[PDB]
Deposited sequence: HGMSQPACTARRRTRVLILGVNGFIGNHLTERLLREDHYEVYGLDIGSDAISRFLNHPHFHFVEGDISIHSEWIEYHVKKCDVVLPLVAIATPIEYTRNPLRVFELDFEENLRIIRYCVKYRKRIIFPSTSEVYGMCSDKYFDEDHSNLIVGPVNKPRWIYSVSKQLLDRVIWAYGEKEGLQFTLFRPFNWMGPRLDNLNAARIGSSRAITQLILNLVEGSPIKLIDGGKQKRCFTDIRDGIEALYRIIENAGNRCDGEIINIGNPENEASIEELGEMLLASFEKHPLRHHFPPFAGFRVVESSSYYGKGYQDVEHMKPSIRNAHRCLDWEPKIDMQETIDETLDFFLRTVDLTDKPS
């Protein structure tokens, strides 16, 4: 069976992907992390193996697991906007430098790497649908430090592309668009995966704080149910016909488009009608704040159609209700 090494497994994607792979009978999962509270249900599974580790501290121990396995998914990274400006050097050292070392272990031992790129690489791209193969990438001047994440991730995509072109590195880049569902990562966890904007909004509802609409909350976003997203990530791992080699694949649901404001109204609506509503404070309301920014982020999914015969199937309401439902029921009221 194929050995899948998941770095930063103690979270959203690690939980859902592991469940997916274990459901099949031909994968061996190696989930590396510093904790296991998020994937404890799998610790005793015959085909799951927890590996103690941290990609900033361990060099050898991670290199060893790369050589021991077949496919590598590096999910460790700080992807919370505030931090881009708050501690840029750390965002850069972890997201760029530490991941570059893992990319190099993969080329050294000829392993397959399925790397999480970011929808932020497109930046202020003017296309209505961001295209992995034709869209131009647009960022602000260097005095707009918010772009340090976007550009760091973009450079990594290009370095992987170069290793693939000059040193036979087998790879696939995937770019998630606001994945959401049960078991969302914590707002400040350094694990790539779940939509930060929707987890913040649910947090607003749960904590009794207002939902802040930046400059009106009119900017639009696309949202993807984790059941649709993980199915696509899973098929990239399957790699039928080797159709994913050298590919860059956006994984999102371009039909689930909504502004921060509308997303807020949809969660509130599902919130007010939920059985556990009474265990949460009254709605603090919408606060129009006013602090660069991206005004729309829609993915072209032609590559996913082509390489994976994939099409998102869950309705917007279904994703909203299930993500909110799981969250409210998992919260410790003590």
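Q: Go through the deposited sequence from residue 1 and tell me which stretches lack C-alpha coordinates, in order.
A: No C-alpha for residues 1-12, 304-311, 355-358.
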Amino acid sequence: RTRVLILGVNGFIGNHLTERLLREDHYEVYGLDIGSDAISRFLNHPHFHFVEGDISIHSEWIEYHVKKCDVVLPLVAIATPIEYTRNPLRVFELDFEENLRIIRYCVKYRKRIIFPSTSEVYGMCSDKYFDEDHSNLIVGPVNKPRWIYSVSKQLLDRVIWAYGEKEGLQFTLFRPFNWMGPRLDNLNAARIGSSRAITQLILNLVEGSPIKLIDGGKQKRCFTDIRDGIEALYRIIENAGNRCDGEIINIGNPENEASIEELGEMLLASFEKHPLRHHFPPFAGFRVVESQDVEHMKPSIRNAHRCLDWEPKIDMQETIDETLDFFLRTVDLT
From here on, numbers count along this sequence of modelled residues.
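Q: Look over 93-101 and 75-83 in the entry and identify the one with the greater average Cα temperature factor.
A: The entry gives the higher C-alpha B-factor average to 75-83.
Q: Going by the mean C-alpha B-factor recorded in the entry, which is higher: 62-70 or 38-46?
A: It is 38-46 that shows the higher mean C-alpha B-factor.
Q: Based on what the PDB entry reports, which of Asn250, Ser135, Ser194, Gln219 has the top C-alpha B-factor?
A: Answer, based on the entry's C-alpha B-factors: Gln219.
Q: Checking the record values for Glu231, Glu261, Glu120, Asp245, which has the greatest CA B factor?
A: Of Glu231, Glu261, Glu120, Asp245, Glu261 has the highest C-alpha B-factor.
Q: If you rank every modelled residue in this chain by C-alpha B factor, which third holds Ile237: lowest, middle or highest?
A: Within its chain, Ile237 is a middle-third residue by C-alpha B-factor, going by the deposited values.
Q: Ranked by Cα temperature factor within the chain, is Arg110 in the lowest third, the middle third or the highest third?
A: CA B-factor rank for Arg110: middle third.
Q: What third of the chain does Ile55 rank in for C-alpha temperature factor, lowest, middle or highest?
A: Bottom third by C-alpha B-factor.
Q: Can you tell me whether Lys212 has a C-alpha B-factor in the lowest, middle or highest third compared with the other modelled residues of the same chain?
A: For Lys212, the deposited C-alpha B-factor lands in the highest third.
Q: Please place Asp225 in the lowest, middle or highest third of its chain by C-alpha B factor as given in the entry.
A: For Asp225, whose C-alpha B-factor we compare with every modelled residue in the chain, the answer is the middle third.
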